[PDB]
$ cat coords03.cif   # mmCIF, C-alpha atoms and all ligand atoms
data_target
#
loop_
_atom_site.label_atom_id
_atom_site.label_comp_id
_atom_site.auth_asym_id
_atom_site.auth_seq_id
_atom_site.Cartn_x
_atom_site.Cartn_y
_atom_site.Cartn_z
CA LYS A 1 -14.27 -20.42 18.89
CA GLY A 2 -13.55 -16.89 20.17
CA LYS A 3 -13.22 -13.54 18.51
CA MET A 4 -10.69 -11.63 16.49
CA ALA A 5 -10.25 -7.88 16.30
CA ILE A 6 -9.29 -6.58 12.86
CA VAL A 7 -7.70 -3.19 13.38
CA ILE A 8 -7.13 -1.31 10.12
CA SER A 9 -5.30 2.01 9.50
CA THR A 10 -8.30 3.41 7.64
CA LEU A 11 -11.30 2.10 5.72
CA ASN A 12 -11.18 5.24 3.52
CA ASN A 13 -9.13 3.28 0.99
CA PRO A 14 -10.71 0.66 -1.31
CA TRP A 15 -7.64 -1.55 -0.85
CA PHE A 16 -7.98 -1.63 2.93
CA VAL A 17 -11.70 -2.52 2.61
CA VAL A 18 -10.61 -5.66 0.73
CA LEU A 19 -7.84 -6.45 3.21
CA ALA A 20 -10.15 -6.02 6.25
CA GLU A 21 -13.07 -8.00 4.81
CA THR A 22 -10.90 -10.91 3.69
CA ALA A 23 -9.57 -11.17 7.23
CA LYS A 24 -13.06 -10.88 8.78
CA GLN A 25 -14.44 -13.50 6.42
CA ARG A 26 -11.50 -15.90 7.03
CA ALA A 27 -11.86 -15.55 10.85
CA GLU A 28 -15.59 -16.36 10.51
CA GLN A 29 -14.92 -19.30 8.15
CA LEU A 30 -12.66 -20.73 10.84
CA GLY A 31 -15.44 -20.27 13.44
CA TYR A 32 -14.51 -16.98 15.15
CA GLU A 33 -16.55 -13.87 15.64
CA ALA A 34 -14.69 -10.97 14.07
CA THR A 35 -14.87 -7.18 14.25
CA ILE A 36 -13.23 -4.57 12.08
CA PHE A 37 -11.98 -1.41 13.85
CA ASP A 38 -11.37 1.61 11.60
CA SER A 39 -8.54 3.73 13.02
CA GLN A 40 -9.11 6.53 10.43
CA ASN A 41 -5.37 7.17 10.05
CA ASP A 42 -5.31 8.36 13.70
CA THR A 43 -3.07 6.66 16.30
CA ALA A 44 -5.29 8.09 19.09
CA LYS A 45 -8.36 6.34 17.65
CA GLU A 46 -6.30 3.16 17.22
CA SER A 47 -5.37 3.33 20.93
CA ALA A 48 -9.03 3.73 21.92
CA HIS A 49 -9.76 0.65 19.76
CA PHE A 50 -7.00 -1.26 21.55
CA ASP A 51 -8.46 -0.24 24.96
CA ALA A 52 -11.93 -1.42 23.93
CA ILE A 53 -10.58 -4.64 22.40
CA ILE A 54 -8.62 -5.43 25.57
CA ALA A 55 -11.70 -4.72 27.72
CA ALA A 56 -13.88 -6.97 25.51
CA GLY A 57 -11.41 -9.86 25.96
CA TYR A 58 -10.71 -10.51 22.26
CA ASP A 59 -8.64 -13.59 21.53
CA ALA A 60 -6.31 -12.25 18.81
CA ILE A 61 -5.62 -8.99 16.98
CA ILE A 62 -5.01 -8.72 13.24
CA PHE A 63 -3.21 -5.39 13.08
CA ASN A 64 -2.45 -2.82 10.36
CA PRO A 65 -0.61 0.03 12.24
CA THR A 66 -1.10 3.78 11.70
CA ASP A 67 2.46 4.43 12.84
CA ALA A 68 5.44 2.08 12.71
CA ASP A 69 6.84 3.59 15.95
CA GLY A 70 3.79 5.02 17.68
CA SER A 71 1.60 1.91 17.26
CA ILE A 72 4.13 -0.14 19.27
CA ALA A 73 2.68 0.93 22.66
CA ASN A 74 -0.74 -0.36 21.54
CA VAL A 75 0.82 -3.76 20.65
CA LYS A 76 2.71 -3.83 23.98
CA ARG A 77 -0.55 -3.19 25.85
CA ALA A 78 -2.30 -6.05 24.02
CA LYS A 79 0.66 -8.34 24.76
CA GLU A 80 0.64 -7.44 28.48
CA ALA A 81 -3.10 -8.32 28.37
CA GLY A 82 -2.28 -11.74 26.83
CA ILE A 83 -3.69 -10.88 23.39
CA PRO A 84 -1.46 -12.04 20.48
CA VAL A 85 -0.98 -9.53 17.67
CA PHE A 86 -0.37 -10.36 13.98
CA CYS A 87 0.66 -7.49 11.75
CA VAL A 88 -0.66 -7.32 8.24
CA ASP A 89 0.46 -5.04 5.37
CA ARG A 90 2.50 -2.72 7.61
CA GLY A 91 5.07 -3.63 10.22
CA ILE A 92 6.23 -2.05 13.46
CA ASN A 93 9.80 -1.06 14.38
CA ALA A 94 10.07 -3.47 17.35
CA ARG A 95 10.05 -7.26 17.68
CA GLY A 96 8.59 -10.06 20.03
CA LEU A 97 5.54 -7.82 20.54
CA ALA A 98 3.97 -9.10 17.30
CA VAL A 99 3.89 -12.88 16.76
CA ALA A 100 4.33 -12.28 13.02
CA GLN A 101 4.29 -9.45 10.49
CA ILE A 102 3.10 -10.26 6.96
CA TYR A 103 3.41 -7.59 4.30
CA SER A 104 4.57 -7.01 0.73
CA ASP A 105 8.10 -6.78 -0.60
CA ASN A 106 7.62 -3.04 -0.99
CA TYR A 107 11.24 -2.14 -1.76
CA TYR A 108 11.17 -4.64 -4.65
CA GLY A 109 7.84 -3.19 -5.85
CA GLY A 110 9.56 0.21 -5.94
CA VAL A 111 12.45 -1.28 -7.94
CA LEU A 112 10.07 -2.92 -10.40
CA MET A 113 8.32 0.42 -10.96
CA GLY A 114 11.51 2.49 -11.12
CA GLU A 115 12.65 0.18 -13.93
CA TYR A 116 9.39 0.40 -15.86
CA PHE A 117 9.24 4.18 -15.23
CA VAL A 118 12.66 4.60 -16.90
CA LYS A 119 11.85 2.15 -19.70
CA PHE A 120 8.37 3.54 -20.55
CA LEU A 121 9.56 7.17 -20.49
CA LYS A 122 12.86 6.85 -22.40
CA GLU A 123 10.76 5.16 -25.03
CA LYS A 124 8.32 8.14 -25.08
CA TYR A 125 11.07 10.77 -24.87
CA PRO A 126 14.33 9.29 -26.33
CA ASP A 127 16.01 12.63 -27.12
CA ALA A 128 14.85 14.58 -24.01
CA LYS A 129 17.70 16.14 -22.01
CA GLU A 130 15.43 16.33 -18.97
CA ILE A 131 12.33 14.30 -18.14
CA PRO A 132 10.93 16.25 -15.15
CA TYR A 133 8.64 14.36 -12.76
CA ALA A 134 6.87 14.48 -9.39
CA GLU A 135 6.55 11.95 -6.60
CA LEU A 136 3.60 11.54 -4.27
CA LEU A 137 4.68 9.98 -1.00
CA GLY A 138 2.41 7.86 1.18
CA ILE A 139 1.73 8.36 4.89
CA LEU A 140 5.14 9.19 6.38
CA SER A 141 4.66 6.99 9.46
CA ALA A 142 4.04 3.87 7.28
CA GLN A 143 7.03 1.56 6.43
CA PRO A 144 5.82 0.90 2.84
CA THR A 145 6.01 4.63 2.04
CA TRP A 146 9.77 4.64 2.35
CA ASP A 147 10.40 1.12 1.06
CA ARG A 148 8.65 1.97 -2.21
CA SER A 149 10.16 5.43 -2.59
CA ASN A 150 13.65 4.18 -1.70
CA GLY A 151 13.35 1.29 -4.16
CA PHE A 152 12.01 3.47 -6.93
CA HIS A 153 14.82 5.97 -6.48
CA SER A 154 17.45 3.20 -6.27
CA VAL A 155 16.72 2.74 -9.99
CA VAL A 156 15.60 6.12 -11.30
CA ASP A 157 18.43 8.07 -9.62
CA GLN A 158 20.92 6.19 -11.86
CA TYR A 159 19.37 7.98 -14.87
CA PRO A 160 20.08 11.70 -14.47
CA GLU A 161 17.84 12.77 -17.40
CA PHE A 162 15.09 12.26 -14.81
CA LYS A 163 14.62 15.24 -12.52
CA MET A 164 12.34 15.11 -9.49
CA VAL A 165 11.02 18.65 -9.36
CA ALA A 166 8.43 18.02 -6.61
CA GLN A 167 7.96 15.52 -3.79
CA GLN A 168 5.13 15.59 -1.28
CA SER A 169 3.01 13.23 0.80
CA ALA A 170 -0.62 12.91 -0.33
CA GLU A 171 -1.36 10.63 2.67
CA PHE A 172 -2.24 7.56 0.58
CA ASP A 173 -5.47 9.47 -0.13
CA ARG A 174 -7.33 10.21 -3.32
CA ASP A 175 -8.79 13.67 -2.49
CA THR A 176 -5.51 14.73 -0.88
CA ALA A 177 -3.62 13.62 -3.99
CA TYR A 178 -6.05 15.65 -6.10
CA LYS A 179 -5.33 18.90 -4.18
CA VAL A 180 -1.60 18.23 -3.94
CA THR A 181 -1.31 17.44 -7.66
CA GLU A 182 -3.37 20.55 -8.60
CA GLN A 183 -0.83 22.64 -6.66
CA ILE A 184 2.16 20.73 -8.18
CA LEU A 185 0.86 21.30 -11.75
CA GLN A 186 0.62 25.05 -11.19
CA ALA A 187 4.16 25.22 -9.76
CA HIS A 188 5.76 22.76 -12.17
CA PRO A 189 3.90 22.52 -15.50
CA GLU A 190 7.01 20.95 -17.09
CA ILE A 191 6.43 17.52 -15.42
CA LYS A 192 5.90 14.62 -17.82
CA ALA A 193 5.11 11.96 -15.19
CA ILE A 194 3.93 11.30 -11.63
CA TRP A 195 5.01 8.30 -9.55
CA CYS A 196 2.67 7.65 -6.62
CA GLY A 197 3.14 5.45 -3.53
CA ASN A 198 -0.36 4.03 -3.88
CA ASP A 199 -3.25 3.69 -6.29
CA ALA A 200 -5.59 6.15 -4.44
CA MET A 201 -2.99 8.88 -4.93
CA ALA A 202 -2.60 7.84 -8.60
CA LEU A 203 -6.34 8.29 -9.06
CA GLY A 204 -6.37 11.74 -7.38
CA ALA A 205 -3.39 12.80 -9.47
CA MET A 206 -5.18 11.63 -12.60
CA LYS A 207 -8.38 13.51 -11.75
CA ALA A 208 -6.23 16.67 -11.23
CA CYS A 209 -4.33 16.16 -14.50
CA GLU A 210 -7.53 15.61 -16.42
CA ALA A 211 -9.13 18.72 -14.87
CA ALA A 212 -6.21 20.82 -16.16
CA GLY A 213 -6.38 19.20 -19.62
CA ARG A 214 -3.03 17.45 -18.93
CA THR A 215 -3.83 13.92 -20.12
CA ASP A 216 -0.25 13.66 -21.47
CA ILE A 217 1.17 13.14 -17.98
CA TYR A 218 1.99 9.46 -17.42
CA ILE A 219 1.05 8.24 -13.97
CA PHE A 220 2.55 5.24 -12.12
CA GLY A 221 0.88 3.73 -9.01
CA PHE A 222 1.00 0.94 -6.42
CA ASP A 223 -1.55 -1.62 -5.17
CA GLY A 224 -3.57 -3.17 -8.02
CA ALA A 225 -6.81 -1.54 -6.77
CA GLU A 226 -10.04 -1.61 -8.73
CA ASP A 227 -10.08 1.79 -10.37
CA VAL A 228 -6.38 1.69 -11.30
CA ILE A 229 -6.79 -1.71 -12.97
CA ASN A 230 -9.75 -0.17 -14.80
CA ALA A 231 -7.81 3.00 -15.74
CA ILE A 232 -4.87 1.02 -17.16
CA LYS A 233 -7.29 -1.32 -18.95
CA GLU A 234 -9.25 1.64 -20.44
CA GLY A 235 -6.02 3.18 -21.80
CA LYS A 236 -6.11 6.18 -19.46
CA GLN A 237 -2.94 8.07 -18.41
CA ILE A 238 -2.24 5.73 -15.43
CA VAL A 239 -0.06 3.26 -17.33
CA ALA A 240 1.23 0.98 -14.55
CA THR A 241 0.89 -0.25 -10.97
CA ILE A 242 2.35 -2.89 -8.64
CA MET A 243 -0.04 -5.70 -7.73
CA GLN A 244 -0.15 -6.60 -4.05
CA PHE A 245 -1.97 -9.65 -2.71
CA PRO A 246 -4.07 -8.49 0.27
CA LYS A 247 -6.26 -11.59 0.12
CA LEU A 248 -3.20 -13.80 0.73
CA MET A 249 -1.85 -11.49 3.46
CA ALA A 250 -5.15 -11.36 5.34
CA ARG A 251 -5.72 -15.09 5.01
CA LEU A 252 -2.28 -16.07 6.33
CA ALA A 253 -2.56 -13.62 9.28
CA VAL A 254 -5.92 -15.07 10.41
CA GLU A 255 -4.87 -18.73 9.85
CA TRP A 256 -1.73 -18.12 11.93
CA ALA A 257 -3.73 -16.45 14.72
CA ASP A 258 -5.97 -19.55 14.80
CA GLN A 259 -2.90 -21.83 14.77
CA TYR A 260 -1.27 -19.79 17.51
CA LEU A 261 -4.44 -19.97 19.64
CA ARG A 262 -4.18 -23.78 19.66
CA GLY A 263 -0.47 -23.79 20.52
CA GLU A 264 1.52 -23.43 17.29
CA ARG A 265 4.63 -21.38 18.10
CA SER A 266 6.83 -21.41 15.05
CA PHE A 267 5.93 -18.67 12.67
CA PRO A 268 8.64 -16.44 11.26
CA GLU A 269 8.58 -12.87 12.62
CA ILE A 270 8.63 -11.25 9.13
CA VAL A 271 7.03 -12.76 5.98
CA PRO A 272 7.53 -10.77 2.77
CA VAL A 273 4.78 -11.31 0.17
CA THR A 274 5.71 -11.03 -3.48
CA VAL A 275 4.36 -8.34 -5.77
CA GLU A 276 4.12 -8.05 -9.56
CA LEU A 277 4.39 -5.33 -12.20
CA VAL A 278 1.14 -4.44 -13.99
CA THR A 279 1.34 -2.57 -17.34
CA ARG A 280 -0.57 -1.97 -20.56
CA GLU A 281 1.30 -4.94 -22.00
CA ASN A 282 0.01 -7.46 -19.38
CA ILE A 283 -3.18 -5.95 -17.94
CA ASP A 284 -5.40 -8.85 -19.10
CA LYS A 285 -3.68 -11.22 -16.65
CA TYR A 286 -4.93 -9.09 -13.75
CA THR A 287 -8.18 -8.22 -12.05
CA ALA A 288 -8.84 -5.93 -9.06
CA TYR A 289 -6.75 -7.08 -6.03
CA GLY A 290 -5.12 -10.11 -7.66
CA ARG A 291 -4.46 -12.28 -10.70
CA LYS A 292 -6.61 -13.66 -13.45
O1 LIG A 301 0.06 -1.36 1.32
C1 LIG A 301 -0.89 -0.38 1.63
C2 LIG A 301 -1.56 0.16 0.37
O2 LIG A 301 -0.59 0.74 -0.48
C3 LIG A 301 -2.58 1.23 0.75
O3 LIG A 301 -3.16 1.82 -0.41
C4 LIG A 301 -1.89 2.30 1.62
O4 LIG A 301 -1.34 1.67 2.75
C5 LIG A 301 -0.29 0.77 2.47
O5 LIG A 301 0.28 0.25 3.67
#
$ encode --input "coords03.cif" --output "C-alpha cells"
Amino acid sequence: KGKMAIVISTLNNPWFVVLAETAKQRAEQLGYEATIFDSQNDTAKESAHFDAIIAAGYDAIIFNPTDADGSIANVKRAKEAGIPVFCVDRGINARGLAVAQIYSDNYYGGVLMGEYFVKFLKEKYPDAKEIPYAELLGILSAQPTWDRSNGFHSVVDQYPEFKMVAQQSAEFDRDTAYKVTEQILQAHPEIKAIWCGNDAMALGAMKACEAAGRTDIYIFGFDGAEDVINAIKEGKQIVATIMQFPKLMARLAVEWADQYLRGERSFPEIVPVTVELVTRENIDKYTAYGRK
C-alpha cells in the first residue's frame, strides 16, 4: 500500500469538498492511506503542506494548485524528493514536474455559457439596445478563471448589445461574491444579468440580488454544485450553470498515481474533461456534481 496526499486549494467550497473526498475514498479503495491538506487559498500554507508531506514520506500527491505559477516550486520540491504529483482541476504553467494534469475543458464551458447567455437574454429582451451585465471573475491565479472568462467573451463580445459595465474577482467565494455584488448593484443598477466564474459566486450574487429586491437579474454560473442545481430546479434567478465532473477527475488522478507507483509510465501530460450546459430546459437530467 502506501499513502497519498490530497492537497486542495481550499475546502471552503462545496465543490472542492466533493473533489477531495472522492480522491481520498478512491485512494483508500485501492488500499492506500490518504490525507487531505486544505491550503485555504494560500500558497504559503500549501508550501507548508508540501514540506510536511515530503517529511512524512508520502508516496504520491494529488494536487489542486493555489497558483498556476507560484505552486510550481512546491511541485519541483516534491519531484526532487521522488514524490510524483498529479494535478487535478487546475494545472500549472510548467511541464515534466507533474506526471499528468486532469481538469475540465474550461474554455469550452465558457463558450457554452456565452452562447446560452446571449440566447436566453435576447429572448427576454429582444428590442433592448443595451443589455448591461456584470462579470464575477474567479481567483486570478487559477487557470480556469481565464479559460472560462475568455471563452465566454469569445461569444458574447460578438453581440455588441451586451455591455459589460463591471468586472471583478469574487475569489470563487460565496461571501466575497455577496459583498462584491452588493457594491456592483449600487454602482450599476442597470445590469440585467451576472455571469460568474463559479457556482459559489453565483450563489453570493443571488443572495445580494435578493436582498436588494432584484430578483429580475438573471445569473449564470459554473460547476454544477448542489445549491446551484437546487436554485435552477426551484426556478430561482440562477438560470444556468456548466456541469463539471469532479468525481471522474479525482478518480482518474488517483488510479493513475496507483498505476504510476507500480511502473506505468504512459499517461498524457494534459487530459481535458468534458463539461455540459445545465439550464431550466434540461435540469432534470442533472443532480449535484454529475448526471442523472
Ligand atoms: O474548477 C474549480 C471550481 O470552479 C471551483 O468552484 C473553483 O475552483 C475551480 O478551479
$ residues_near_ligand --input "coords03.cif" --ligand "ligand LIG 301 (chain A)" --cutoff "7 Å" --atoms "only C-alpha atoms and all ligand atoms" --output "mmCIF file with C-alpha atoms, in the frame of the given file"
data_model
loop_
_atom_site.group_PDB
_atom_site.id
_atom_site.type_symbol
_atom_site.label_atom_id
_atom_site.label_comp_id
_atom_site.auth_asym_id
_atom_site.auth_seq_id
_atom_site.Cartn_x
_atom_site.Cartn_y
_atom_site.Cartn_z
ATOM 1 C CA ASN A 13 -9.130 3.280 0.990
ATOM 2 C CA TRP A 15 -7.640 -1.550 -0.850
ATOM 3 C CA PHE A 16 -7.980 -1.630 2.930
ATOM 4 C CA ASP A 89 0.460 -5.040 5.370
ATOM 5 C CA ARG A 90 2.500 -2.720 7.610
ATOM 6 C CA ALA A 142 4.040 3.870 7.280
ATOM 7 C CA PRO A 144 5.820 0.900 2.840
ATOM 8 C CA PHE A 172 -2.240 7.560 0.580
ATOM 9 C CA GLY A 197 3.140 5.450 -3.530
ATOM 10 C CA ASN A 198 -0.360 4.030 -3.880
ATOM 11 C CA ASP A 199 -3.250 3.690 -6.290
ATOM 12 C CA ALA A 200 -5.590 6.150 -4.440
ATOM 13 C CA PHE A 222 1.000 0.940 -6.420
ATOM 14 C CA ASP A 223 -1.550 -1.620 -5.170
#
$ atom_distance --input "coords03.cif" --atom1 "CA of residue 237 in chain A" --atom2 "CA of residue 218 in chain A"
5.2 Å
$ residues_around --input "coords03.cif" --residues "range 252-262 of chain A" --least-positions-apart "2" --cutoff "7 Å" --atoms "all atoms listed in the file" --output "PyMOL selection string"
chain A and resi 23+26-27+60+62+86+88+102+248-250+264-265
$ residues_around --input "coords03.cif" --residues "residue 14 in chain A" --least-positions-apart "3" --cutoff "9 Å" --atoms "only C-alpha atoms" --output "NGL selection string"
:A and (11 or 17-19 or 200 or 225-226)
$ atom_distance --input "coords03.cif" --atom1 "CA of residue 95 in chain A" --atom2 "CA of residue 139 in chain A"
21.8 Å
$ closest_residue --input "coords03.cif" --among "A:42, A:69, A:80, A:190" --to "residue 217 in chain A" --atoms "all atoms listed in the file"
A:190
$ closest_residue --input "coords03.cif" --among "A:73, A:170, A:83, A:193" --to "residue 122 in chain A" --atoms "only C-alpha atoms"
A:193
$ closest_residue --input "coords03.cif" --among "A:194, A:278, A:288, A:242" --to "residue 110 in chain A" --atoms "all atoms listed in the file"
A:242
$ closest_residue --input "coords03.cif" --among "A:59, A:269, A:67, A:105" --to "residue 81 in chain A" --atoms "all atoms listed in the file"
A:59
$ closest_residue --input "coords03.cif" --among "A:3, A:163, A:119, A:24" --to "residue 188 in chain A" --atoms "all atoms listed in the file"
A:163
$ residues_around --input "coords03.cif" --residues "residue 203 in chain A" --least-positions-apart "2" --cutoff "10 Å" --atoms "only C-alpha atoms" --output "PyMOL selection string"
chain A and resi 173-175+177-178+196+198-201+205-209+219-221+227-228+231+237-238
$ atom_distance --input "coords03.cif" --atom1 "CA of residue 184 in chain A" --atom2 "CA of residue 133 in chain A"
10.2 Å
$ closest_residue --input "coords03.cif" --among "A:212, A:245, A:204, A:282" --to "residue 233 in chain A" --atoms "all atoms listed in the file"
A:282
$ residues_around --input "coords03.cif" --residues "residue 191 in chain A" --least-positions-apart "5" --cutoff "8 Å" --atoms "only C-alpha atoms" --output "ChimeraX atom specification"
/A:131-134,165,185,217
$ write_last_selection --input "coords03.cif" --atoms "C-alpha atoms" --output "compact mmCIF listing (two decimals), in the frame of the given file"
# COMPACT_ATOMS: atom_id res chain seq x y z
CA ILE A 131 12.33 14.30 -18.14
CA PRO A 132 10.93 16.25 -15.15
CA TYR A 133 8.64 14.36 -12.76
CA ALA A 134 6.87 14.48 -9.39
CA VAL A 165 11.02 18.65 -9.36
CA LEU A 185 0.86 21.30 -11.75
CA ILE A 217 1.17 13.14 -17.98
$ axis_aligned_box --input "coords03.cif" --around "range 6-25 of chain A" --padding-each-side "5 Å" --output "JSON"
{"center_x": -9.9, "center_y": -4.1, "center_z": 6.0, "size_x": 19.1, "size_y": 28.7, "size_z": 24.7}
$ residues_around --input "coords03.cif" --residues "residue 92 in chain A" --least-positions-apart "6" --cutoff "12 Å" --atoms "all atoms listed in the file" --output "PyMOL selection string"
chain A and resi 63-76+85-86+98-103+141-144+269-270
$ decode --input "coords03.cif" --residues "range 98-187 of chain A" --atoms "C-alpha atoms" --output "PDB file, in the first residue's frame"
ATOM      1  CA  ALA A  98       3.577  16.869 -12.886  1.00  0.00           C
ATOM      2  CA  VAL A  99       3.109  13.335 -14.275  1.00  0.00           C
ATOM      3  CA  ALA A 100      -0.348  14.366 -15.502  1.00  0.00           C
ATOM      4  CA  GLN A 101      -2.831  17.221 -15.190  1.00  0.00           C
ATOM      5  CA  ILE A 102      -6.546  16.359 -15.393  1.00  0.00           C
ATOM      6  CA  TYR A 103      -9.048  19.194 -15.490  1.00  0.00           C
ATOM      7  CA  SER A 104     -12.133  20.423 -17.325  1.00  0.00           C
ATOM      8  CA  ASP A 105     -12.379  21.942 -20.777  1.00  0.00           C
ATOM      9  CA  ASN A 106     -12.964  25.321 -19.174  1.00  0.00           C
ATOM     10  CA  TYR A 107     -12.661  27.446 -22.322  1.00  0.00           C
ATOM     11  CA  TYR A 108     -15.397  25.322 -23.924  1.00  0.00           C
ATOM     12  CA  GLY A 109     -17.541  25.661 -20.778  1.00  0.00           C
ATOM     13  CA  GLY A 110     -17.188  29.436 -21.166  1.00  0.00           C
ATOM     14  CA  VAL A 111     -18.241  29.181 -24.828  1.00  0.00           C
ATOM     15  CA  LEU A 112     -21.251  27.046 -23.947  1.00  0.00           C
ATOM     16  CA  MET A 113     -22.353  29.642 -21.385  1.00  0.00           C
ATOM     17  CA  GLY A 114     -21.622  32.674 -23.570  1.00  0.00           C
ATOM     18  CA  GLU A 115     -23.932  31.123 -26.176  1.00  0.00           C
ATOM     19  CA  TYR A 116     -26.735  30.400 -23.718  1.00  0.00           C
ATOM     20  CA  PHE A 117     -26.237  33.840 -22.097  1.00  0.00           C
ATOM     21  CA  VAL A 118     -26.847  35.527 -25.487  1.00  0.00           C
ATOM     22  CA  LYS A 119     -29.720  33.188 -26.392  1.00  0.00           C
ATOM     23  CA  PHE A 120     -31.572  33.397 -23.031  1.00  0.00           C
ATOM     24  CA  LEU A 121     -31.233  37.196 -22.829  1.00  0.00           C
ATOM     25  CA  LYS A 122     -32.091  38.169 -26.422  1.00  0.00           C
ATOM     26  CA  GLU A 123     -35.187  36.100 -25.854  1.00  0.00           C
ATOM     27  CA  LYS A 124     -36.004  38.078 -22.655  1.00  0.00           C
ATOM     28  CA  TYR A 125     -35.043  41.450 -24.154  1.00  0.00           C
ATOM     29  CA  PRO A 126     -35.470  41.278 -27.991  1.00  0.00           C
ATOM     30  CA  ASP A 127     -35.792  45.046 -28.570  1.00  0.00           C
ATOM     31  CA  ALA A 128     -33.192  46.221 -25.993  1.00  0.00           C
ATOM     32  CA  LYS A 129     -30.482  48.470 -27.447  1.00  0.00           C
ATOM     33  CA  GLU A 130     -28.232  47.634 -24.497  1.00  0.00           C
ATOM     34  CA  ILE A 131     -28.309  44.620 -22.191  1.00  0.00           C
ATOM     35  CA  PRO A 132     -25.890  45.724 -19.428  1.00  0.00           C
ATOM     36  CA  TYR A 133     -24.231  42.982 -17.365  1.00  0.00           C
ATOM     37  CA  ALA A 134     -21.528  42.217 -14.798  1.00  0.00           C
ATOM     38  CA  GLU A 135     -18.901  39.503 -14.601  1.00  0.00           C
ATOM     39  CA  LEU A 136     -17.529  37.936 -11.450  1.00  0.00           C
ATOM     40  CA  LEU A 137     -14.059  36.558 -12.046  1.00  0.00           C
ATOM     41  CA  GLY A 138     -12.600  33.618 -10.131  1.00  0.00           C
ATOM     42  CA  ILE A 139      -9.250  33.546  -8.321  1.00  0.00           C
ATOM     43  CA  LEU A 140      -6.846  35.348 -10.673  1.00  0.00           C
ATOM     44  CA  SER A 141      -4.007  32.861 -10.145  1.00  0.00           C
ATOM     45  CA  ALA A 142      -6.210  29.905 -11.275  1.00  0.00           C
ATOM     46  CA  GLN A 143      -6.118  28.817 -14.981  1.00  0.00           C
ATOM     47  CA  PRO A 144      -9.889  28.087 -15.128  1.00  0.00           C
ATOM     48  CA  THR A 145     -10.668  31.722 -14.230  1.00  0.00           C
ATOM     49  CA  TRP A 146      -9.282  32.964 -17.512  1.00  0.00           C
ATOM     50  CA  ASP A 147     -10.263  29.980 -19.657  1.00  0.00           C
ATOM     51  CA  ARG A 148     -13.913  30.474 -18.705  1.00  0.00           C
ATOM     52  CA  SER A 149     -13.907  34.256 -18.968  1.00  0.00           C
ATOM     53  CA  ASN A 150     -12.014  34.176 -22.283  1.00  0.00           C
ATOM     54  CA  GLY A 151     -14.401  31.576 -23.694  1.00  0.00           C
ATOM     55  CA  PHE A 152     -17.486  33.401 -22.510  1.00  0.00           C
ATOM     56  CA  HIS A 153     -16.274  36.648 -24.045  1.00  0.00           C
ATOM     57  CA  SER A 154     -15.265  34.915 -27.299  1.00  0.00           C
ATOM     58  CA  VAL A 155     -19.025  34.556 -27.836  1.00  0.00           C
ATOM     59  CA  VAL A 156     -20.663  37.463 -26.028  1.00  0.00           C
ATOM     60  CA  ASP A 157     -18.266  40.097 -27.428  1.00  0.00           C
ATOM     61  CA  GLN A 158     -19.652  39.357 -30.932  1.00  0.00           C
ATOM     62  CA  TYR A 159     -23.021  40.772 -29.766  1.00  0.00           C
ATOM     63  CA  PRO A 160     -22.493  44.470 -29.007  1.00  0.00           C
ATOM     64  CA  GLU A 161     -25.965  44.968 -27.447  1.00  0.00           C
ATOM     65  CA  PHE A 162     -24.277  43.350 -24.435  1.00  0.00           C
ATOM     66  CA  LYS A 163     -22.283  45.795 -22.349  1.00  0.00           C
ATOM     67  CA  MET A 164     -20.045  44.649 -19.504  1.00  0.00           C
ATOM     68  CA  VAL A 165     -20.361  47.515 -17.061  1.00  0.00           C
ATOM     69  CA  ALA A 166     -18.477  45.829 -14.194  1.00  0.00           C
ATOM     70  CA  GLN A 167     -15.875  43.088 -13.850  1.00  0.00           C
ATOM     71  CA  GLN A 168     -14.292  41.992 -10.591  1.00  0.00           C
ATOM     72  CA  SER A 169     -12.878  38.891  -8.918  1.00  0.00           C
ATOM     73  CA  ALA A 170     -15.015  37.468  -6.097  1.00  0.00           C
ATOM     74  CA  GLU A 171     -12.317  34.829  -5.381  1.00  0.00           C
ATOM     75  CA  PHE A 172     -14.517  31.833  -6.235  1.00  0.00           C
ATOM     76  CA  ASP A 173     -16.167  32.602  -2.877  1.00  0.00           C
ATOM     77  CA  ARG A 174     -19.777  32.942  -1.848  1.00  0.00           C
ATOM     78  CA  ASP A 175     -19.469  35.634   0.886  1.00  0.00           C
ATOM     79  CA  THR A 176     -16.989  37.589  -1.239  1.00  0.00           C
ATOM     80  CA  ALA A 177     -19.397  37.443  -4.184  1.00  0.00           C
ATOM     81  CA  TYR A 178     -22.154  38.714  -1.895  1.00  0.00           C
ATOM     82  CA  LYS A 179     -20.173  41.840  -0.880  1.00  0.00           C
ATOM     83  CA  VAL A 180     -18.839  42.439  -4.391  1.00  0.00           C
ATOM     84  CA  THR A 181     -22.304  42.114  -5.960  1.00  0.00           C
ATOM     85  CA  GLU A 182     -23.859  44.415  -3.301  1.00  0.00           C
ATOM     86  CA  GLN A 183     -21.294  47.061  -4.316  1.00  0.00           C
ATOM     87  CA  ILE A 184     -21.852  46.406  -8.082  1.00  0.00           C
ATOM     88  CA  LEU A 185     -25.654  46.809  -7.716  1.00  0.00           C
ATOM     89  CA  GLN A 186     -25.251  50.197  -6.043  1.00  0.00           C
ATOM     90  CA  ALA A 187     -22.863  51.421  -8.763  1.00  0.00           C
TER      91      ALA A 187
END
